[PDB]
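Student: take this sequence and fold it.
(3 chains, ligands or ions: 14)
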Amino acid sequence: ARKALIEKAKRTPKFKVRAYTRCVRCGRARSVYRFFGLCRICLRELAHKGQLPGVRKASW
Amino acid sequence: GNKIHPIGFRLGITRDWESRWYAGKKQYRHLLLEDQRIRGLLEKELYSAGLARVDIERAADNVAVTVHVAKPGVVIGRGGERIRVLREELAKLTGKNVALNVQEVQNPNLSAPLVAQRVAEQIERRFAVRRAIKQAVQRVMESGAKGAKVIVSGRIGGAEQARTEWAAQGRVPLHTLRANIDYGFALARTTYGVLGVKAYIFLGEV
RNA sequence: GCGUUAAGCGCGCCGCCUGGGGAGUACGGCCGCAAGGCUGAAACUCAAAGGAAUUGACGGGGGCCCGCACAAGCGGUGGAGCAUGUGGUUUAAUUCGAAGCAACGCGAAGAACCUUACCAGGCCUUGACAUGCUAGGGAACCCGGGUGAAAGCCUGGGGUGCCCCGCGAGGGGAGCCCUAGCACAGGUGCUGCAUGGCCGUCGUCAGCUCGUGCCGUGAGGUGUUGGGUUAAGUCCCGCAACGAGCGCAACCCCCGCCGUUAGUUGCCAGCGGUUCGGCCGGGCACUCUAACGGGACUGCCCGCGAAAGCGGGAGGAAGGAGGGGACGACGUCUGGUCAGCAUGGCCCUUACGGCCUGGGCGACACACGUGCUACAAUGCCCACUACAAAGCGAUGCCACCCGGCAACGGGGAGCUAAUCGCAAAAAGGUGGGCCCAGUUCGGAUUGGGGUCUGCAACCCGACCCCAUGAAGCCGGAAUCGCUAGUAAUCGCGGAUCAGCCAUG
Ligand SMILES: [Mg+2]
Ligand SMILES: [Mg+2]
Ligand SMILES: [Mg+2]
Ligand SMILES: [Mg+2]
Ligand SMILES: [Mg+2]
Ligand SMILES: [Mg+2]
Ligand SMILES: [Mg+2]
Ligand SMILES: [Mg+2]
Ligand SMILES: [Mg+2]
Ligand SMILES: [Mg+2]
Ligand SMILES: [Mg+2]
Ligand SMILES: [Mg+2]
Ligand SMILES: [Mg+2]
Ligand SMILES: [Zn+2]
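Tutor: Numbering: from 1, shown residues only, chains lettered A, B, ... in the order given. Ligands and ions are numbered 1, 2, ... in the order given. Have a look at this structure:
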């Protein structure tokens, strides 16, 4: 998550196919979810703290 | 590594969402994100006051923001000029145009987040950890409540070894999906490393 | 432990000890046929040697007792082709981590570029990013040109208003740009045996403790042991304990019957019209929908028991925790992660910083792991035809027509979606073909053509079509999962995602 590498927000990609999601908290661009924009970690946490509306702990 | 978050494990019942509002599909993320921003500002500012929780409701370009503090006077300010700057500073961040409420804390001695930061501070002030702890605990214990329990990370005292401190009275049932246990985590930066502070508080039942 | 068979209370006398090792050894002496025996040191050396008892761990000790742990049983893995991970080989690089169970389709829910952290080459230094300082020119910013792979280097012209003071030229000054110096950014650069955080794991195992009292010089023990019962330290009875906490359970979610609520789901179920496709009238009954609520408690009857609890029966949708989730104690391992994030210390700051193109993360003659597809007729191919759930969709799902063998293109309706689309579900059923053969089994490899995505598909994409049609005839030692709607088997969906190596 090198600050520099956090330049996805640099619209100008030269070729859209070069854009990539990146976490919006960890930077951890590995496995992010579009809906929230959260590095799978920076999501299970907020979802626990309760800062993610309706994001209830699933269960069936 | 174990023991799920007592809060999130209770989000369905005895405990609710810090950010309640609807939307989705193509706004959620943007909107949601917006929340982390506020909470970002409210936290770096209303610290010396006792930020306890940050409810954030929405109804389209009309947010709520209801900061929970122990010393609301600090949030407010002299006659209320500071609730003018924050309230205004919040806009330069979100043009959504929202208000800002401030609900005092009925004996902060019962707000986990606070019972922790309390401890946290002491630690950074180089105070025997074992004490602040036993101290905090008794406080809660002694200010109503049916159960309390404080946990502090390692390096307690700059020990070269990463330890753990306990202390806890009354009943504190993390497994009972009804108990309604308040939780809170205080971080502790320090000359020798970082110490985490966990505080649970058990109140009544429903 | 001893206790009138005292290790009690006393008296008489005798022997003997005065740290361990060196040593019962050396020497002297006495004794013996001899083997040896009795008497018996020190130098040296070590901070101990040692006794009883407590907790625990361990035992090829014992009793009791659980878990697909074994057995019974079904399917599979180890053989092959391939896919994916890992090692070894190897490479300019093949970035890094993970390692017995508790690493090995694991981080990586998506490496052609990006990502990417590695390698070569070109290139920038207050920097791709944050706040602030000194001197100076000009300042916002917008549009061309040259070298170039790109970056970047060099460079050209439009264009400054904003506040105050001044007739005005013009000067001062705030936000900003740029050269230069500085504080400093930045670092996926070491350390998770400095850490938070979160996770794994023994263990969803049944346990781990506390208060008060009692026992004990004490460490601690008692309660938490015992008999019985339980999925369980669950409950009963006993007992110097009486309790209580964390855990167990219950509270919560989904599936089982039912009711209430609500009917732009659903139905000739009841009625008339029909382009008989429930299409329209109409009605909410049923289905479904999503909310609340009722409902099993060994409550009921028989029988065993002190009691708990256990066997059976009855009513009932459901029975003794109805199935499955969510939920993982005090603690273990210096378990994992400083590459998610955070942070202590160390280290780099014409560089372990940053940009770019190309390459690498994808190679093999090797081994293993986890997988898929098979080796066939309880099958395989073709035509016809039937029943599902759960999700997804505006910078998307795409009906319908025409084109092309097809991938798919071109046109193009509906839908911000229970009431449009992805969709045909497949195995199945019905007719028929193949007839046991590497064979209409198996689809690898390879040749050739072609579509799409994407700036680009050589290194490295998916897909369609023809051709080729390999290893493979059910797997050595050894090894895995599963006790039900499970295993086995058959499809459909999603996340990431341009596309996609998902046989995960
Ligand atoms: Mg960082
Ligand atoms: Mg002798
Ligand atoms: Mg002699
Ligand atoms: Mg002895
Ligand atoms: Mg002994
Ligand atoms: Mg079982
Ligand atoms: Mg067996
Ligand atoms: Mg094999
Ligand atoms: Mg029972
Ligand atoms: Mg159990
Ligand atoms: Mg439970
Ligand atoms: Mg280690
Ligand atoms: Mg790889
Ligand atoms: Zn994140």
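Student: Provide a list of residues in contact with residue 56.
Tutor: Went with chain A since none was named. By C-beta atoms under 8 Å, 6 or more residues apart in numbering or on different chains, the contact set of residue A:56 is B:11-12. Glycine gets a C-beta too; all of them are placed from N, C-alpha and C.
Student: my bad, chain B
Tutor: By C-beta under 8 Å, 6+ apart, the residues touching residue B:56 are B:18-21, B:35, B:38-39, B:63-66.
Student: gap between whatever residue of chain B ends up closest to chain A and RNA strand C?
Tutor: The minimum distance from chain B to chain A, using C-beta to the nearest C-beta, falls at residue B:8 (3.4 Å). According to C-beta to the nearest atom of the strand, to the nearest Å, residue B:8 stands 9 Å off from RNA strand C.
Student: quick check: nearest residue in space to that residue, chain neighbours excluded?
Tutor: Distances taken as C-beta to C-beta, 6 or more residues apart in numbering or on different chains put residue A:48 closest to residue B:8, at 3.4 Å, once the chain neighbours are dropped.
Student: assign a three-state SS to the one you found, would you?
Tutor: With DSSP: H, G, I helix; E, B strand; the rest coil as the basis, residue A:48 sits in helix.
Student: count of residues packed around it?
Tutor: When neighbours are counted by other C-beta atoms under 10 Å in any protein chain shown, residue A:48 registers 19.
Student: so it touches residue B:5, yeah?
Tutor: Yes: in this structure, residue A:48 is within contact of residue B:5 by C-beta atoms under 8 Å, at 4.0 Å.
Student: ok so, going back, among the contacts of residue B:56, which one has the most neighbours?
Tutor: residue B:19 (26 neighbours).
Student: what segments of chain B are helices?
Tutor: B:28-45, B:72-76, B:82-89, B:112-124, B:129-142 (DSSP state H).
Student: out of the ones you listed, deepest packed?
Tutor: Comparing the helices of chain B by mean neighbour count (mean count of other C-beta atoms under 10 Å in any protein chain shown), helix B:112-124 ranks first with a mean of 23.
Student: do it and RNA strand C meet at all?
Tutor: No: using C-beta under 7 Å from any atom of the strand, we find that helix B:112-124 stays clear of RNA strand C, coming within 10.2 Å at best.
Student: now do that helix: distance to the chain's middle.
Tutor: Relative to its parent chain, helix B:112-124 has a centroid offset of 10 Å by C-alpha atoms, centre = their mean, to the nearest Å.
Student: mind giving me the packing neighbours of it?
Tutor: Helix B:112-124 sits against helix B:129-142, strand B:147-152, strand B:181-188, strand B:195-202, with contacts defined as 3 or more C-beta pairs under 8 Å, 6 or more residues apart in numbering or on different chains; DSSP states H and E.
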